[PDB]
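Notes to accompany the following structure.
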Amino acid sequence: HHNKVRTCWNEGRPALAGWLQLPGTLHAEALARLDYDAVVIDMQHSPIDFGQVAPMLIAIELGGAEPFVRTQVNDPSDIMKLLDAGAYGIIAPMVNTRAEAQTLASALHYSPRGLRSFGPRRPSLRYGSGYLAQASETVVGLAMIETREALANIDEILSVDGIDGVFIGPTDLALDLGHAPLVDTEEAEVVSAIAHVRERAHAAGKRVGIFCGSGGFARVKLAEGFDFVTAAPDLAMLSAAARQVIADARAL
Amino acid sequence: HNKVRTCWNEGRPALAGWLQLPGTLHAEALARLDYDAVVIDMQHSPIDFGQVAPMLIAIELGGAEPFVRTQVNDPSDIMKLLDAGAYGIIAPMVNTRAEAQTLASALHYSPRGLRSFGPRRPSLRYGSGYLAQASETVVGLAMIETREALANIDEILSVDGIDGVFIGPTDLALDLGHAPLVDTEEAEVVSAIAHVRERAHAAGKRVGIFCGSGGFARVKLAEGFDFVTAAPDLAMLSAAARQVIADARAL
Ligand SMILES: [Br-]
Ligand SMILES: [K+]
Ligand SMILES: [K+]
Ligand SMILES: [K+]
Ligand SMILES: [Mn+2]
Ligand SMILES: [Mn+2]
Ligand SMILES: [Mn+2]
């Protein structure tokens with residue numbers, strides 16, 4: 001009866017999360033059983049719809065990691081249905097202003113703190129009778145920062161009480177800032193932008209996460225003091241594994 | 001043409017992928033790599049018929065030959081998969097001549113076999129001239145994974161209508177009384193594997209093998225295996241994730 005990422009935080013440690021773009025329950029469970037604190041299901045840059053995400057949330061919870069979802073859009077009703085289906089973390093794209101951050105916050109809390117609609121099918125089963133007492137704590141919410149405008153409005157975004165923090169998408173930020181969308185970009189303007197966001201978030205007493213294409217990049221970000229680090233998409237890890245298997249098999 | 005049969009016709013073996021995770025995106029992604037075929041496992045996986053059908057499309061688009069390892073050597077199940085554009089069949093637990101003939105039956109139209117005619121997806125690939133070339137378009141391998149199959153290898157290899165045999169080394173090791181470890185070094189198992197290969201080659205038939213690693217597969221290819229699989233998606237993904245976590249946590 002605790003959110004595994006909040007459990008990390010409450011002991012002053014970061015969380016490490018997986019990242020799924022392939023639908024299905026078997027790899028979800030299997031990866032959740034690894035040394036991940038959470039597994040994010042990507043519903044934006046994937047073919048995963050609601051019908052496919054629902055059983056995946058169950059698998060992840062059984063494997064023993066906190067089920068997260070990066071949604072397709074910052075839409076309150078979408079987020080509500082996922083929370084009611086047992087998503088216990090939400091990463092919302094394209095949060096560029098304070099109003100949009102407030103929109104995210106509105107979906108995560110019941111009245112009076114937000115406007116979340118009441119019908120917690122799966123959380124009521126996990127947390128039982130004492131759910132509603134602690135409902136806000138059970139969920140982690142992060143606003144994605146991935147545009148020049150978000151960067152400009154970082155302080156007003158972090159002013160919003162009902163979100164835990166922000167989540168950096170480095171590749172989308174590189175592309176928005178006029179650069180190539182490299183995996184794990186180290187383009188200097190982007191490195192500076194990210195460093196800045198991390199500072200402002202910590203200064204405001206908020207959490208800061210970041211998407212990572214690799215183990216090596218995650219290690220750096222963890223060393224830099226990021227609170228929530230994802231590494232690495234299941235599809236990318238599998239393709240690179242298969243390429244290496246083939247190279248080894250066809251070698252002289 | 002069937003890409004695996006093309007390999008064989010040009011004197012070279014085939015390397016194949018191996019899928020136990022349902023879905024089309026990784027099926028297409030892995031098919032675009034330097035695999036000649038990708039096998040969809042329908043036995044030791046949650047992949048049902050509804051899930052396999054779009055995956056065969058995805059593999060074909062990516063440009064490998066879609067193969068299936070069926071749940072069972074059942075003719076009507078195989079016929080429905082061929083009709084859905086499985087162009088390779090690996091049937092488990094083929095232990096006798098009789099069972100190998102049952103496999104053959106499913107792969108060829110009368111008078112050579114008793115395949116029912118209704119080739120939804122192959123007729124789209126091959127057009128109106130499909131029937132005259134249908135047998136060629138499909139590859140059929142009988143699995144050798146028991147002591148019984150080992151004993152009856154020559155009688156199994158005698159059957160017209162199958163291209164050869166596919167060794168299931170973990171099941172074979174288990175049935176021989178050893179641990180079901182992939183890419184095993186256990187001497188009795190290694191010897192049985194070499195024996196089946198020798199018998200198949202002497203009978204002018206093809207031999208495949210399931211591999212857990214590229215390093216093992218390189219050896220199998222060097223030994224003359226016609227059809228080498230390496231390595232299951234779930235196994236590879238799991239090892240990749242474990243290494244990423246170790247690298248991130250500086251373990
Ligand atoms: Br394996
Ligand atoms: K659906
Ligand atoms: K875990
Ligand atoms: K290919
Ligand atoms: Mn984006
Ligand atoms: Mn087997
Ligand atoms: Mn078996």
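Order determines the names: the first chain of the structure tokens is A, the second B, and so forth; residues in each chain are numbered 1 upward, and ligands are numbered 1 upward as they are shown.
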Using only C-alpha atoms and all ligand atoms, find each residue with an atom at most 12 Å away from ligand 6 and format the answer as a PyMOL selection string.
chain B and resi 41-45+69-72+90-94+142-146+166-175+180-182+209-211
Enumerate as a ChimeraX atom specification all residues of region 20-221 of chain A assigned to helix (DSSP H, G or I) by DSSP on the backbone, naming them with the chain letters and numbers the document uses.
/A:26-32,50-63,76-84,98-108,121-130,132-138,148-152,154-158,170-176,188-203,215-221
Write to file, as an mmCIF file, in the first residue's frame, the residues of the selection just made, with C-alpha atoms.
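Below is the file that was written, part_14.cif:
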data_model
loop_
_atom_site.group_PDB
_atom_site.id
_atom_site.type_symbol
_atom_site.label_atom_id
_atom_site.label_comp_id
_atom_site.auth_asym_id
_atom_site.auth_seq_id
_atom_site.Cartn_x
_atom_site.Cartn_y
_atom_site.Cartn_z
ATOM 1 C CA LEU A 26 4.773 -10.671 -20.785
ATOM 2 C CA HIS A 27 7.677 -8.229 -21.244
ATOM 3 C CA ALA A 28 5.902 -5.763 -18.971
ATOM 4 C CA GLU A 29 5.853 -8.211 -16.101
ATOM 5 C CA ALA A 30 9.374 -9.444 -16.850
ATOM 6 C CA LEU A 31 10.878 -5.959 -16.919
ATOM 7 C CA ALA A 32 8.859 -4.899 -13.766
ATOM 8 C CA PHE A 50 -6.336 2.118 -23.917
ATOM 9 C CA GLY A 51 -7.413 -1.518 -24.568
ATOM 10 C CA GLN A 52 -3.778 -2.610 -24.621
ATOM 11 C CA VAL A 53 -2.521 -0.401 -21.769
ATOM 12 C CA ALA A 54 -5.173 -1.711 -19.266
ATOM 13 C CA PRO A 55 -3.775 -5.299 -18.913
ATOM 14 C CA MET A 56 -0.178 -3.960 -19.029
ATOM 15 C CA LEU A 57 -0.901 -1.918 -15.864
ATOM 16 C CA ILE A 58 -1.916 -5.124 -14.076
ATOM 17 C CA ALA A 59 1.246 -7.038 -15.268
ATOM 18 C CA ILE A 60 3.582 -4.247 -14.060
ATOM 19 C CA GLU A 61 1.933 -4.129 -10.651
ATOM 20 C CA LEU A 62 2.279 -7.950 -10.297
ATOM 21 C CA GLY A 63 6.005 -7.863 -11.340
ATOM 22 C CA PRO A 76 -8.058 15.483 -17.792
ATOM 23 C CA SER A 77 -10.615 12.864 -18.769
ATOM 24 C CA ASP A 78 -7.938 10.653 -20.362
ATOM 25 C CA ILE A 79 -5.780 10.833 -17.275
ATOM 26 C CA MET A 80 -8.791 10.096 -14.979
ATOM 27 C CA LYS A 81 -9.647 6.879 -16.814
ATOM 28 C CA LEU A 82 -6.024 5.720 -16.579
ATOM 29 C CA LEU A 83 -5.889 6.490 -12.833
ATOM 30 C CA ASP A 84 -9.137 4.530 -12.430
ATOM 31 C CA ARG A 98 0.979 27.563 -15.845
ATOM 32 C CA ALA A 99 -2.677 27.076 -16.999
ATOM 33 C CA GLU A 100 -1.751 23.784 -18.691
ATOM 34 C CA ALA A 101 0.108 22.665 -15.518
ATOM 35 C CA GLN A 102 -3.031 23.503 -13.484
ATOM 36 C CA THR A 103 -5.049 21.420 -16.033
ATOM 37 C CA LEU A 104 -2.741 18.442 -15.227
ATOM 38 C CA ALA A 105 -3.040 19.022 -11.466
ATOM 39 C CA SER A 106 -6.893 19.185 -11.760
ATOM 40 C CA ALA A 107 -6.986 15.619 -12.998
ATOM 41 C CA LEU A 108 -4.773 14.114 -10.245
ATOM 42 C CA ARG A 121 -12.228 0.698 -9.856
ATOM 43 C CA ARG A 122 -8.663 -0.583 -9.537
ATOM 44 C CA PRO A 123 -7.155 1.687 -6.821
ATOM 45 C CA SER A 124 -9.957 0.753 -4.401
ATOM 46 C CA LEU A 125 -8.951 -2.919 -4.875
ATOM 47 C CA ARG A 126 -5.194 -2.230 -4.329
ATOM 48 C CA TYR A 127 -5.560 0.177 -1.375
ATOM 49 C CA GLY A 128 -8.939 -1.010 -0.060
ATOM 50 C CA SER A 129 -10.983 0.784 2.547
ATOM 51 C CA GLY A 130 -8.414 3.490 3.382
ATOM 52 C CA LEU A 132 -9.692 7.899 -0.322
ATOM 53 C CA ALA A 133 -7.833 9.097 2.814
ATOM 54 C CA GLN A 134 -4.487 8.843 0.994
ATOM 55 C CA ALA A 135 -5.558 9.077 -2.673
ATOM 56 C CA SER A 136 -3.366 12.056 -3.758
ATOM 57 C CA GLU A 137 -0.229 10.367 -2.298
ATOM 58 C CA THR A 138 -0.877 7.230 -4.308
ATOM 59 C CA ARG A 148 11.154 26.823 -25.826
ATOM 60 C CA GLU A 149 7.964 28.241 -24.295
ATOM 61 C CA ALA A 150 7.943 25.709 -21.427
ATOM 62 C CA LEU A 151 11.570 26.675 -20.772
ATOM 63 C CA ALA A 152 10.556 30.361 -20.606
ATOM 64 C CA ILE A 154 9.493 27.098 -16.009
ATOM 65 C CA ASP A 155 9.067 29.120 -12.774
ATOM 66 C CA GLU A 156 5.289 29.601 -13.307
ATOM 67 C CA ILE A 157 4.909 25.910 -14.116
ATOM 68 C CA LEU A 158 6.769 24.888 -10.904
ATOM 69 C CA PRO A 170 15.741 16.111 -24.257
ATOM 70 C CA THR A 171 15.167 15.106 -27.883
ATOM 71 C CA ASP A 172 11.936 17.107 -28.214
ATOM 72 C CA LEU A 173 13.680 20.086 -26.610
ATOM 73 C CA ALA A 174 16.656 19.789 -28.993
ATOM 74 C CA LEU A 175 14.281 19.716 -31.977
ATOM 75 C CA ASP A 176 12.201 22.636 -30.709
ATOM 76 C CA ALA A 188 25.411 22.656 -25.645
ATOM 77 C CA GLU A 189 22.316 24.883 -25.752
ATOM 78 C CA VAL A 190 20.166 21.899 -24.782
ATOM 79 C CA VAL A 191 22.535 20.785 -21.961
ATOM 80 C CA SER A 192 22.320 24.338 -20.599
ATOM 81 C CA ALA A 193 18.506 24.417 -20.887
ATOM 82 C CA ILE A 194 18.203 21.105 -19.035
ATOM 83 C CA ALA A 195 20.681 22.215 -16.316
ATOM 84 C CA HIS A 196 18.571 25.328 -15.846
ATOM 85 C CA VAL A 197 15.289 23.433 -15.536
ATOM 86 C CA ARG A 198 16.857 21.071 -12.962
ATOM 87 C CA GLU A 199 18.066 24.032 -10.920
ATOM 88 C CA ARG A 200 14.725 25.911 -10.948
ATOM 89 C CA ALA A 201 12.865 22.715 -10.046
ATOM 90 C CA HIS A 202 15.082 21.888 -7.067
ATOM 91 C CA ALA A 203 15.016 25.557 -5.952
ATOM 92 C CA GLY A 215 22.224 3.270 -19.212
ATOM 93 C CA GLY A 216 25.265 5.563 -19.526
ATOM 94 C CA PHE A 217 23.193 8.719 -19.959
ATOM 95 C CA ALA A 218 20.980 7.686 -16.956
ATOM 96 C CA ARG A 219 24.065 7.229 -14.707
ATOM 97 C CA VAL A 220 25.111 10.809 -15.505
ATOM 98 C CA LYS A 221 21.648 12.174 -14.808
#
Please identify every residue of chain B that has at least one atom no farther than 6 Å from an atom of chain A, counting only C-alpha atoms, and for each give the shortest atom pair and the distance in Å to one decimal, arranged by chain then increasing number, as a tab-separated table.
residue	atom	partner	partner_atom	distance
B:214	CA	A:249	CA	4.3
B:215	CA	A:248	CA	5.7
B:217	CA	A:249	CA	5.2
B:218	CA	A:249	CA	4.1
B:237	CA	A:238	CA	5.0
B:240	CA	A:237	CA	6.0
B:244	CA	A:215	CA	4.4
B:247	CA	A:215	CA	4.9
B:248	CA	A:219	CA	4.2
Take the residues from that selection and write them out as a PDB file, in the first residue's frame, keeping N, CA, C and O atoms.
ATOM      1  N   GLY B 214      24.390 -15.304 -30.112  1.00  0.00           N
ATOM      2  CA  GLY B 214      25.006 -15.228 -31.424  1.00  0.00           C
ATOM      3  C   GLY B 214      26.262 -16.100 -31.492  1.00  0.00           C
ATOM      4  O   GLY B 214      26.579 -16.576 -32.580  1.00  0.00           O
ATOM      5  N   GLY B 215      27.000 -16.207 -30.388  1.00  0.00           N
ATOM      6  CA  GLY B 215      28.268 -16.939 -30.361  1.00  0.00           C
ATOM      7  C   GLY B 215      28.020 -18.423 -30.642  1.00  0.00           C
ATOM      8  O   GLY B 215      28.702 -19.045 -31.486  1.00  0.00           O
ATOM      9  N   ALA B 217      25.332 -19.557 -32.213  1.00  0.00           N
ATOM     10  CA  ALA B 217      24.826 -19.641 -33.578  1.00  0.00           C
ATOM     11  C   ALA B 217      25.982 -19.614 -34.582  1.00  0.00           C
ATOM     12  O   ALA B 217      25.905 -20.242 -35.621  1.00  0.00           O
ATOM     13  N   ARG B 218      27.008 -18.790 -34.346  1.00  0.00           N
ATOM     14  CA  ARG B 218      28.139 -18.760 -35.260  1.00  0.00           C
ATOM     15  C   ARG B 218      28.739 -20.159 -35.411  1.00  0.00           C
ATOM     16  O   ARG B 218      29.089 -20.567 -36.509  1.00  0.00           O
ATOM     17  N   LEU B 237      15.611  -9.001 -24.739  1.00  0.00           N
ATOM     18  CA  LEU B 237      15.109  -7.769 -24.136  1.00  0.00           C
ATOM     19  C   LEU B 237      15.448  -7.778 -22.646  1.00  0.00           C
ATOM     20  O   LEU B 237      15.880  -6.752 -22.100  1.00  0.00           O
ATOM     21  N   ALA B 240      19.083  -7.152 -22.033  1.00  0.00           N
ATOM     22  CA  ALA B 240      19.412  -5.781 -22.399  1.00  0.00           C
ATOM     23  C   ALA B 240      19.026  -4.855 -21.237  1.00  0.00           C
ATOM     24  O   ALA B 240      19.824  -3.988 -20.819  1.00  0.00           O
ATOM     25  N   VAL B 244      21.190  -2.417 -18.819  1.00  0.00           N
ATOM     26  CA  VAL B 244      20.959  -0.972 -18.770  1.00  0.00           C
ATOM     27  C   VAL B 244      20.817  -0.543 -17.318  1.00  0.00           C
ATOM     28  O   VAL B 244      21.323   0.508 -16.891  1.00  0.00           O
ATOM     29  N   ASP B 247      24.271  -0.469 -15.598  1.00  0.00           N
ATOM     30  CA  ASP B 247      25.024   0.662 -16.115  1.00  0.00           C
ATOM     31  C   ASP B 247      24.478   1.931 -15.450  1.00  0.00           C
ATOM     32  O   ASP B 247      25.245   2.819 -15.107  1.00  0.00           O
ATOM     33  N   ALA B 248      23.159   2.043 -15.276  1.00  0.00           N
ATOM     34  CA  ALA B 248      22.579   3.287 -14.750  1.00  0.00           C
ATOM     35  C   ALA B 248      22.863   3.398 -13.253  1.00  0.00           C
ATOM     36  O   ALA B 248      23.231   4.473 -12.749  1.00  0.00           O
TER      37      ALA B 248
END
Please identify all protein, DNA and RNA residues within 6 Å of ligand 1, counting only C-alpha atoms and all ligand atoms, and report them as a ChimeraX atom specification.
/B:182,212,232,235
Taking only C-alpha atoms and all ligand atoms into account, which residues have an atom no farther than 8 Å from ligand 4? I'd like them as a ChimeraX atom specification.
/B:30-37,62-64
Could you dump the residues just selected with C-alpha atoms as a PDB file, in the first residue's frame?
ATOM      1  CA  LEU B  30      13.484  -7.298 -36.342  1.00  0.00           C
ATOM      2  CA  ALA B  31      12.445  -8.452 -39.852  1.00  0.00           C
ATOM      3  CA  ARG B  32      14.274  -5.397 -41.311  1.00  0.00           C
ATOM      4  CA  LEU B  33      17.578  -6.576 -39.718  1.00  0.00           C
ATOM      5  CA  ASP B  34      19.857  -9.112 -41.365  1.00  0.00           C
ATOM      6  CA  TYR B  35      17.535 -12.044 -40.623  1.00  0.00           C
ATOM      7  CA  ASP B  36      16.324 -14.159 -43.591  1.00  0.00           C
ATOM      8  CA  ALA B  37      13.273 -15.321 -41.578  1.00  0.00           C
ATOM      9  CA  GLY B  62       9.952  -5.768 -43.154  1.00  0.00           C
ATOM     10  CA  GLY B  63      11.393  -8.282 -45.619  1.00  0.00           C
ATOM     11  CA  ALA B  64      11.992 -11.528 -43.881  1.00  0.00           C
TER      12      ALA B  64
END
CA of residue 49 (chain B) and CA of residue 164 (chain B) are how many Å apart?
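CA of residue 164 (chain B) lies 25.0 Å from CA of residue 49 (chain B).
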In Å, with one decimal, what is the gap from atom 1 (Mn, counted along the ligand's line) of ligand 7 to CA of residue 147 (chain B)?
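Separating atom 1 (Mn, counted along the ligand's line) of ligand 7 from CA of residue 147 (chain B) is a distance of 12.1 Å.
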Leaving out residue 204 (chain B) and any residue of its chain fewer than 5 positions from it, which residues lie within 12 Å of it when counting only C-alpha atoms, given as a PyMOL selection string?
chain B and resi 154+157-160+162-165+197-199+226
Please save N, CA, C and O atoms of the selected residues as a PDB file, in the first residue's frame.
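Once written, out_13.pdb looks like this:
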ATOM      1  N   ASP B 154      15.937 -41.660 -38.944  1.00  0.00           N
ATOM      2  CA  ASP B 154      16.057 -41.979 -40.364  1.00  0.00           C
ATOM      3  C   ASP B 154      14.668 -42.143 -40.984  1.00  0.00           C
ATOM      4  O   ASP B 154      14.455 -41.796 -42.143  1.00  0.00           O
ATOM      5  N   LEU B 157      13.297 -38.706 -41.516  1.00  0.00           N
ATOM      6  CA  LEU B 157      14.005 -38.084 -42.630  1.00  0.00           C
ATOM      7  C   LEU B 157      13.630 -38.698 -43.983  1.00  0.00           C
ATOM      8  O   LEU B 157      13.896 -38.074 -45.005  1.00  0.00           O
ATOM      9  N   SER B 158      13.000 -39.888 -43.980  1.00  0.00           N
ATOM     10  CA  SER B 158      12.582 -40.557 -45.211  1.00  0.00           C
ATOM     11  C   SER B 158      11.377 -39.895 -45.869  1.00  0.00           C
ATOM     12  O   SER B 158      11.122 -40.181 -47.024  1.00  0.00           O
ATOM     13  N   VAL B 159      10.611 -39.064 -45.134  1.00  0.00           N
ATOM     14  CA  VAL B 159       9.317 -38.589 -45.582  1.00  0.00           C
ATOM     15  C   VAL B 159       9.508 -37.490 -46.628  1.00  0.00           C
ATOM     16  O   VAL B 159      10.163 -36.476 -46.413  1.00  0.00           O
ATOM     17  N   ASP B 160       8.943 -37.779 -47.788  1.00  0.00           N
ATOM     18  CA  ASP B 160       8.719 -36.809 -48.828  1.00  0.00           C
ATOM     19  C   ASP B 160       7.773 -35.744 -48.278  1.00  0.00           C
ATOM     20  O   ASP B 160       6.808 -36.025 -47.571  1.00  0.00           O
ATOM     21  N   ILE B 162       8.570 -33.029 -46.445  1.00  0.00           N
ATOM     22  CA  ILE B 162       9.194 -32.124 -45.472  1.00  0.00           C
ATOM     23  C   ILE B 162      10.593 -31.782 -45.944  1.00  0.00           C
ATOM     24  O   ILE B 162      11.298 -32.578 -46.549  1.00  0.00           O
ATOM     25  N   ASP B 163      11.023 -30.551 -45.656  1.00  0.00           N
ATOM     26  CA  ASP B 163      12.336 -30.137 -46.089  1.00  0.00           C
ATOM     27  C   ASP B 163      13.450 -30.694 -45.209  1.00  0.00           C
ATOM     28  O   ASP B 163      14.634 -30.659 -45.597  1.00  0.00           O
ATOM     29  N   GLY B 164      13.109 -31.033 -43.956  1.00  0.00           N
ATOM     30  CA  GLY B 164      14.066 -31.541 -42.969  1.00  0.00           C
ATOM     31  C   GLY B 164      13.518 -31.388 -41.543  1.00  0.00           C
ATOM     32  O   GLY B 164      12.298 -31.470 -41.367  1.00  0.00           O
ATOM     33  N   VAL B 165      14.452 -31.239 -40.580  1.00  0.00           N
ATOM     34  CA  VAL B 165      14.200 -31.300 -39.155  1.00  0.00           C
ATOM     35  C   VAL B 165      14.784 -30.080 -38.473  1.00  0.00           C
ATOM     36  O   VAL B 165      15.618 -29.342 -39.051  1.00  0.00           O
ATOM     37  N   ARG B 197      22.188 -33.891 -37.155  1.00  0.00           N
ATOM     38  CA  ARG B 197      22.729 -33.139 -38.265  1.00  0.00           C
ATOM     39  C   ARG B 197      23.353 -34.073 -39.290  1.00  0.00           C
ATOM     40  O   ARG B 197      23.070 -33.912 -40.446  1.00  0.00           O
ATOM     41  N   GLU B 198      24.222 -34.996 -38.849  1.00  0.00           N
ATOM     42  CA  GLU B 198      24.869 -35.911 -39.770  1.00  0.00           C
ATOM     43  C   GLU B 198      23.821 -36.709 -40.527  1.00  0.00           C
ATOM     44  O   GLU B 198      24.010 -36.912 -41.739  1.00  0.00           O
ATOM     45  N   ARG B 199      22.823 -37.250 -39.819  1.00  0.00           N
ATOM     46  CA  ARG B 199      21.827 -38.120 -40.450  1.00  0.00           C
ATOM     47  C   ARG B 199      21.070 -37.321 -41.515  1.00  0.00           C
ATOM     48  O   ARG B 199      20.799 -37.820 -42.614  1.00  0.00           O
ATOM     49  N   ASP B 226      21.540 -25.679 -41.564  1.00  0.00           N
ATOM     50  CA  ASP B 226      20.899 -25.002 -42.674  1.00  0.00           C
ATOM     51  C   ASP B 226      20.100 -23.797 -42.165  1.00  0.00           C
ATOM     52  O   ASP B 226      19.753 -22.948 -42.985  1.00  0.00           O
TER      53      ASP B 226
END
Work out how far apart CA of residue 20 (chain A) and atom 1 (Mn, counted along the ligand's line) of ligand 7 are and give it in Å to one decimal.
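Between CA of residue 20 (chain A) and atom 1 (Mn, counted along the ligand's line) of ligand 7 the gap is 29.9 Å.
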Run DSSP on the backbone and give me the residues of region 15-68 of chain B it puts in strand (DSSP E or B), as a ChimeraX atom specification.
/B:15-19,37-41,65-68
Spatial neighbours of residue 24 (chain B), max dist 8 Å, only C-alpha atoms, sep filter under 6 positions, as number ranges by chain
B: 54-55, 58-59
Residue subset to file, keeping N, CA and C atoms, as a PDB file, in the first residue's frame:
ATOM      1  N   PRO B  54      -1.752 -10.486 -37.748  1.00  0.00           N
ATOM      2  CA  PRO B  54      -1.077  -9.270 -38.216  1.00  0.00           C
ATOM      3  C   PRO B  54       0.475  -9.309 -38.166  1.00  0.00           C
ATOM      4  N   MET B  55       1.086 -10.143 -37.281  1.00  0.00           N
ATOM      5  CA  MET B  55       2.546 -10.248 -37.167  1.00  0.00           C
ATOM      6  C   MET B  55       3.156 -10.849 -38.444  1.00  0.00           C
ATOM      7  N   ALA B  58       3.418  -7.978 -40.869  1.00  0.00           N
ATOM      8  CA  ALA B  58       4.490  -7.095 -40.448  1.00  0.00           C
ATOM      9  C   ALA B  58       5.878  -7.654 -40.816  1.00  0.00           C
ATOM     10  N   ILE B  59       6.121  -8.948 -40.622  1.00  0.00           N
ATOM     11  CA  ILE B  59       7.379  -9.572 -40.933  1.00  0.00           C
ATOM     12  C   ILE B  59       7.632  -9.500 -42.443  1.00  0.00           C
TER      13      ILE B  59
END
So, counting only C-alpha atoms, which residue among B:53, B:189, B:141, B:86 is closest to residue 73 (chain B)?
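Of all the options, B:141 lies closest to residue 73 (chain B).
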When you count only C-alpha atoms and all ligand atoms, which of these residues is closest to ligand 3: A:227, A:8, A:2, A:66?
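The answer is A:66, which sits nearest to ligand 3.
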Identify which of the residues A:11, A:49, A:164, A:75 lies closest to residue 143 (chain A), counting only C-alpha atoms when measuring atom-to-atom distances.
A:164
Which of B:243, B:155, B:77, B:216 sits closest to residue 185 (chain B) [using only C-alpha atoms]:
B:216
